[PDB]
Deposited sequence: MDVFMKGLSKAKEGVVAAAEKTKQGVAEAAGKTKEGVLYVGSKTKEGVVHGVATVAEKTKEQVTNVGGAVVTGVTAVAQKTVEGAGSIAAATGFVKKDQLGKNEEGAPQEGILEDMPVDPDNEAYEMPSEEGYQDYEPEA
């Protein structure tokens, strides 16, 4: 029942990017799931995750983008 459908039917400076970064110390951890003495952990990450000292996300979804996620359990 977890359905993700994406359809795209298609019948000057555009999207131009300039980044200049100067970093001395950089610690980036991105997507992280840490468990200590944990019993029962469920984690889900979906989509676009842009992370860091200089993070730029230009025009992430120009067409069709669908994210379906059923996260959990049954007892």
{"item": "Sequence ranges without modelled C-alpha atoms (deposited numbering)", "value": "1-13, 25-32, 97-140"}
